[PDB]
Structure formats: structure tokens, C-alpha cells
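Below: the structure, in C-alpha cells.
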Amino acid sequence: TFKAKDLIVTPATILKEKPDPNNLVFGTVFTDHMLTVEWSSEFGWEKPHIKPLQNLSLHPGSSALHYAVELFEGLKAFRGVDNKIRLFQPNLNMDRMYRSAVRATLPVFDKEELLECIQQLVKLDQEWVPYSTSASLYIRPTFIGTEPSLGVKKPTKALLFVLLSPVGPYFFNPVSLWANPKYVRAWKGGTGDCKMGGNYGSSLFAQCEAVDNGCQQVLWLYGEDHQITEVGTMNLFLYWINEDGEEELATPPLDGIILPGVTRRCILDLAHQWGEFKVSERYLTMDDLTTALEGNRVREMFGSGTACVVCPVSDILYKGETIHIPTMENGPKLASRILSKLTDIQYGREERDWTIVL
Amino acid sequence: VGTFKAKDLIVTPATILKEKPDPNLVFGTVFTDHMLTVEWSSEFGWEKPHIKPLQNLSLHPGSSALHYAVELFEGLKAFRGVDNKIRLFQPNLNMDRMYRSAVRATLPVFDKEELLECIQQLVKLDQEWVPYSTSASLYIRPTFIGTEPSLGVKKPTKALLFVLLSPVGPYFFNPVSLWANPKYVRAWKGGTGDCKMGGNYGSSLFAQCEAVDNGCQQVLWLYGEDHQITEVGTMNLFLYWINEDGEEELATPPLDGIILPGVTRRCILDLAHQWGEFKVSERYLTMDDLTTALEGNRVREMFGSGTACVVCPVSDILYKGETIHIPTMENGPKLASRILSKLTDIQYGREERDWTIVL
Ligand SMILES: *Cc1c(COP(=O)(O)O)cnc(C)c1O
Ligand SMILES: *Cc1c(COP(=O)(O)O)cnc(C)c1O
Ligand SMILES: NCC1(CC(=O)O)CCCCC1
Ligand SMILES: NCC1(CC(=O)O)CCCCC1
Ligand SMILES: [Mg+2]
């Protein structure tokens, strides 16, 4: 494994102008520096670099281009209202990226060395961490196989790098979802519980089909009973009165077709902590939903993820009809409370072991 | 909404040419002198195609092919006939599959004829690499990748199409042993298993490793509660046997969405249908159908088909801690061998047929 202590820094000689915080398109503007660490089965890991944001030089046969031997992560840096820059649950991302690496047969690395390197990269480009309480700096760790051979096997050459991109919003701005059981995002025995590239390229066709049909995201359905799994590539939360008549906040269980979002776990933690309603990790089907709506039992439906934190849902185009979800006419009370809590913690307006300082 | 044209090819010869390897090669290990590349932007469409010296790709770190596997590929070969004339085999099908793939990936469409000609031109240039052997060929790897310099999961506004050339011999007869663990699923109804998109492959290296660890060379992909057998590693699966009706039969899974329509598969089905010596059935095959058959002496052969092996005999399957031997080798294998001879006779010009295009 590589070590932060060996970092080699090559500052850009011409720094870019920081963008306008009020209107940023997600992941389109990049900072001045990036992190890069090369690996080869022959000599192991080389020393990590922090150099000007540049194009990668890859052999046209790199397995990442042919067999999707790749995985990524998503985490943010926030400038606290006390002007101190913080990271949110960073070690959980390191753990997920590590487990995905193993399932991808990519080379392992010392989680703490990566986190420290990332902190240094952020520290160097710190002025990119927006001066806004509604904006942040997206951190994108990426791991690709660069095996020059076309043979399908464990890579003997790989690259690990990190990009920094100042972001505002990913897309309250409620969204409509397009539900069509003809497409499946992930399946049992699959790799859907990992952030491996191969899980997203296969979804673009359905995404496109949603856009030209009036929606902004796909509602992923699975199985014979049409379980509702995720809002686009965000975890799904349903706030309602369940079949037993008790107020409840529900989300699909981690049975292998659901990605264990950090946001997801935090909302469950805050929900369990408030103890004001039942919190269940259970299955939810379209019929559980439509049945519930015609009984006026649904209050809010939203998605969770690092980019949005939470993103309310107001409609679902299903069997040829549009099903309205009373999310926005109900506040959304909980959606807001949640977003309010999480950001309060991210920007240090509240102390809690979920953030890391500079 | 357009295409690039072979008539616009800008050729740039390498000044320093590499020495060809020994025709007797590690699959996809050695590459030729030149490559083909074609840039695409949603703003101006397809650029003009180039044939330049092999070289790295200069990609933006945010390229969508590295983050969301916005990619797809193909695999075909050129053969030097026993008449020294170089031949391509069923190219038009590869172009059709790549096309259908691009669309399923939301990558930009192109004129299949133009691409094919552009490929003939690339090979034509590097024809001396086409092995002077009868058991070796040149692997043609067309590749289509998204170069969207943005982290947003969306239809790419930038793409890159290229083609690599790699002289090769074999992939690994030489029977293989299969690892059958139902905990790993290659494809699912509603997914992209029936296209050659990179996302279907990265996710299997773990199972492959688990395979070797257990003395096996490939993974037998199982699907559904009834453990249907779908593909042998990344090759289509054929089972020559006496079915439940006592009839001689050549069976192979149907294209119901989780099997990739291989060119070698197509051919083997056409040959089988043509000879009309036994029943040819595209149907569901399960481990239980296989076990029941084996413990009844009803199995003749099992083998995978693909461009790299053409045909690959299966002799064993590790299932539920038990090793199940397949008598494929103790039966010639007559069918497997017959197929190999036939396809090879045709590819190397020994047999004349429409399945090839000379250059
Ligand atoms: C990244 C991701 C999420 C959200 O996880 P967070 O760690 O909370 O960002 C949800 N679903 C999918 C499919 C994802 O890729
Ligand atoms: C490419 C491929 C095949 C074989 O197709 P051929 O065109 O015969 O080489 C079989 N199965 C999978 C999963 C493939 O990707
Ligand atoms: N829905 C978005 C992300 C997750 C998130 O932050 O919600 C995953 C795909 C790559 C961009 C990020
Ligand atoms: N089994 C192999 C291939 C197909 C083939 O030619 O059999 C697909 C994966 C990438 C290498 C080629
Ligand atoms: Mg250590």
C-alpha cells in the first residue's frame, strides 16, 4: 500500500477562477489539482501524486474501457459557518470503496492513507470549497483497471485517482419518476450493492426513456411483485401510515440489490433517535403504494444521497397513468427536518461525531 | 444524427514499425503498428476517421466510460487463407451487434458499412501481422466509449470509437472444468446481458478468480430457481445429447434476454439445421436436466462457442461440493471436432462459402 507521507506535489502554475456558487451544474466544473497513484502487480503501489488537473494517459486496451473494471465514490467537503472545512462520515466511504475494490478484484489500499491523501488534496485546493451554506465540494475517488491485455482477468496494472468538483444541487425541487418494470437496475447475485461502473452504464437507456416521457429520474422496480427499490440512483424513503395503521418511515432492506448509502444510514439513525414514528427496513411494492395513496395514507416520498442529501418526489408515471404523490402539499415536513438536520451537522452549525475537521 | 465515412480516412503511417511476434502468442497481449480512432461530439457529430500509430488514449479524468461504464466492444478475426488471401468472417453480424449495442448504451449510431470498410483499411495496412500460421489469426477489437467530461449520469455528449489489432493463437482441444456457484448471476431479465457492453464483464472477475482457486478454468453461469445453465464463462453453451424423449439433440439456451447472441452460436445452429442429422433445439437447460441425463448415459458432449476458442470442450462441472464429469472427451468429441474443422476450413479459405469476405 502507498503512504501519504510519500506524497509528491506539483502545483499548477496557473490557477483557475472559482465559479459562481448560485448556479452550478453537478460535476461539470473541476478544481486545479487531482490525486493520482499508480499500481502494478509487479512492483505494487508507486508513490501518490498531487498534480495539476490533466488528462489521463491510458493504453487503449485498459480493462476499464473494455470490461468495466472500475469503481468510484462520492463524498463532500463543507465550509463550516465558523469557516472551518469539514468532511462528512469520510471513513464510511473509504470502507465502501475498499469492499468494492475487493469484489472488483482491484488492488487493496490502506484506507487511512487514502483519506489522508484526499485531505491533502482538498487542503491544497481548499479555496474551491465554496463560501456558501447551500453549496459544497464534491470529492470523487475513482479506481480503474489499466490492464493492457484484452484477456478477461484480474488486472495487473491499475490507477487510483481523485477529482474535486464544486457543486450546488444535483438536478425543494420535486421530481417525477418513470416506472417501467421492463428494465432492472440490479439483481440478486449481482453487484448492485457496490459503486462499480457496470451498474450505471446499463441504466442510461431507461434514464433517457424517462426524460423524453416527462420525468427526471427512474423508479427502479424489481421482481414479480414490482418492489420499489431506488429513486434514480438514490435510496428510496416512504413516509406514511402503514397497513397496520401506524405512522412509519420505510426504506427497502439491504438484501443485495440496494446500495448502502451513507445518507440512507444517517436518516435511519436520526429517525431511530427521534423515536417519533416507526422506522422499518422493509419491502415496498407499487401496489403497497397505490393502495396506500387511494386511502390517503402517504405523506412523503423522497430519495436520499450525498449530492441532494434528500430529494422529494411528487409524481410517478406507471401503467400509462400519472400517480400524484402528496409529498409537497405535506410540507414536506420530514424531508425538510431531515435536510435541515444533516446540513446543520455538515456545516458545523451543530457538533456531532459525523464530521471531520480540516 | 449521422455517420463518419471511410472515404474521409486520414492515414498516418508509423515511422518505427514493431517486429511481428512468433505465430506460436498470448491472447490480446501483442498489438499491431496502427489503430483506428474516430471522435464524436453531440455538437458537431462524427469527425473524420483516422488510422494512426498505436498510442495511449488521452482521456479527461471525468470520462463517463471510467465512472459509469459507458462502453461496449466487439471481437472478430481476420485469417490468412491457405491461398495467402486474408479473410474476414461474418463481419456484418459483428457490425449489427455493435450497432444494437451502441443504441442500448445510448452511445451514437453510425453507418455499419462505413465502419466495416474502415476496418478493412486498418487490417489492409497491417496485414503482415495477420499470422503466417493456420492455427493463428489477428483479433480485431472495435471499442466504443463515452468521453463525457462530467460526473452526471447521462447520455454522453462526447464519444470515442477505435479499433485495436492483436495477433493471437488460442484463448487459454483442451477441455475445461467449470465452477458452478448459483450465488453469482451474470445477467437478469431487463438488463443488458444480451449486448457486449463492458458493464456485464467487470462484475464477473470475482467469480472467475473463485473458479481458478477451485481448479476450474471457467465459470458456469446459473440462473433462476431451477438453476438453468446459460453460458460457459463468456461463451455460448451447447449440449449434444439424448433428450427426455430419446431423441438425439443439439441443445442451447434461447435468446430470452440473458444470453448473448454469439456469431459462433449462429453458425453452429445454421450448420446443425443444415445437416439435418438430429434435432436442433433452442430451449431451457437445467442442472437437474444435466444430472438426470448424466446418470442415464444420455450426454454425448458439452462445449462453449465463441470467437477466441471457436469451440471449447467441457469435461467437468463443480457443483454443490461435488465434481461432475462430462464424457465430452470420451465421445470424440465427434460433434465438437466436426464443428471446429468446418468453421476453420471456411475461415482459412479451405472451403468456399458466403460467410467470408476477402480483402
Ligand atoms: C451512491 C449511491 C446511492 C447513495 O449513497 P450515498 O452514500 O448516500 O451517496 C444510492 N444508490 C446508488 C445506486 C448509488 O450509486
Ligand atoms: C462475445 C460473447 C460471446 C460470443 O460471441 P461470439 O460472437 O461467438 O464471439 C458469448 N457470450 C458472451 C457473454 C459474449 O460477450
Ligand atoms: N444519484 C447520484 C450519485 C449519488 C448521490 O450523491 O446521490 C450516484 C451516481 C454518480 C453521481 C452521484
Ligand atoms: N469468451 C470470450 C470473449 C469472446 C470470445 O471471442 O469468445 C468475450 C469477453 C472478452 C474476450 C472475448
Ligand atoms: Mg497503516
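All of this is worked out from the model, or read from it or from the source named; no laboratory read-out is quoted. Here the Cβ is made from the backbone with ideal geometry for all residues, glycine too, and neighbour counts use every protein chain on show.
Annotations for the structure displayed:
- For the stretch A:73-120, residues that are within 14 Å of another protein chain (Cβ to nearest Cβ), more than 16 Å from ligand 4 (Cβ to nearest atom) and more than 20 Å from the chain's Cα centre (by Cα) total 3.
- Counting residues in the stretch A:261-280 that are among the hydrophobic types (A, V, I, L, M, F, W, C), surrounded by fewer than 20 Cβ atoms within 10 Å (Cβ to Cβ) and within 25 Å of B:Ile258 (Cβ to Cβ) gives zero.
- Any hit, the stretch A:145-158, residues being small (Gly, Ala, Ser) and in contact with a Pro (Cβ under 8 Å, 6 or more places away or on another chain): yes
- Residue ID - nearest to B:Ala187 (Cα to Cα), chosen from residues in the stretch A:178-193 that are touching a helix residue (DSSP H, G or I) at 6+ places or on another chain (Cβ under 8 Å) and among the aromatic types (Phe, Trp, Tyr): A:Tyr183
- Complete set of residues in the stretch B:41-58 that are surrounded by fewer than 20 Cβ atoms within 10 Å (Cβ to Cβ) and not in a loop (DSSP other than H, G, I, E, B): B:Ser41, B:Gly45, B:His50, B:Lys52, B:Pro53, B:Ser58
- Residue that is nearest to the other protein chains (Cβ to nearest Cβ), among those in the stretch B:41-65 that are of a type in the set (D, E, K, R) and in contact with a strand residue (DSSP E or B) (Cβ under 8 Å, 6 or more places away or on another chain): B:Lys52
- Among the residues making up the stretch A:59-77, those that are in a loop (DSSP other than H, G, I, E, B) and more than 19 Å from B:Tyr68 (Cβ to Cβ) are A:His59, A:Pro60, A:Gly61.
- Identity of the residue in the stretch A:7-40, within 12 Å of chain B (Cβ to nearest Cβ) and outside any loop (DSSP other than H, G, I, E, B), that ends up surrounded by the most Cβ atoms within 10 Å (Cβ to Cβ): A:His33
- Taking strands (runs of 3 or more DSSP E) as the structural unit, those lying wholly within the stretch B:300-359 and holding at least 2 residues that are of a type outside the set (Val, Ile, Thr) and surrounded by 16 or more Cβ atoms within 10 Å (Cβ to Cβ) correspond to B:310-319.
- Among the residues making up the stretch A:234-261, those that are in contact with a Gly (Cβ under 8 Å, 6 or more places away or on another chain) and either outside the structural domain of A:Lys319 (by CATH) or part of a loop (DSSP other than H, G, I, E, B) (or both) are A:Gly256, A:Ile257, A:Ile258, A:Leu259, A:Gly261.
- Any chance B:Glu231 is in a strand (DSSP E or B) and under 29 Å from B:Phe206 (Cα atoms): yes
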